[PDB]
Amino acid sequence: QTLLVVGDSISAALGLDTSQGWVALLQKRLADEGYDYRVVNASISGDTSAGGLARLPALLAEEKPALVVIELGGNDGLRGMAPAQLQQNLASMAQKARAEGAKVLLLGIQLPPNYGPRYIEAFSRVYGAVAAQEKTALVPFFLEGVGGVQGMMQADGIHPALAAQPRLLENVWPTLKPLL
């Protein structure tokens, strides 16, 4: 009955009190609404689709999760890495999680507008592709109402501020709920 979150800086709550981070809020909402889940946050700043893929098997073996939330690839895009390798790595992660017995939920991220639609979309479309291929659930716009917004982003315009954490949780819950 474990919900494993495998993310980067966004889910690790970079730049804020982790107890106020979206995953922390997830655990509190599960508790409040009388759901019986252990939330294991395995998010690490700096992580990439390749890094998450490399470290997932150990996590699956150790926790044997019923649900795996994957929030990776934001770094692949921010670094200008290849969109195709993102699709491969995420697909393989979703395959391996499903192989362990877990339902998979992908969190998709859109880079800031200044990257331009073609770049933004090149990575953004990958999430939908992986969900299609591996039959996963998907939140295509995890940063809806957060990205690009003033107050919601920290100054570097990538890492959500404290005020955004509720909204991050709002963005996942609806798509997560039916999986519980």
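Residue numbers run from 1 along the displayed sequence.
According to the PDB record, 112-120 carries the higher mean C-alpha B-factor of the two stretches 112-120 and 38-46. When the two stretches 47-55 and 25-33 are set side by side, the higher mean Cα temperature factor goes to 25-33. When the Cα B-factors of 84, 90, 78, 105 are read from the PDB record, 84 comes out highest.
Sort the chain's modelled residues by C-alpha temperature factor and residue 20 lands in the highest third, per the entry. Placement of the Cα temperature factor of residue 180 within the chain: highest third of the modelled residues, per the deposited record. Annotation for residue 144: C-alpha temperature factor in the middle third relative to the rest of the modelled chain, per the entry.
Among the modelled residues of its chain, residue 10 has a C-alpha B-factor that falls in the lowest third, as given in the PDB entry. Among all modelled residues in its chain, residue 131 ranks in the middle third by Cα B-factor.
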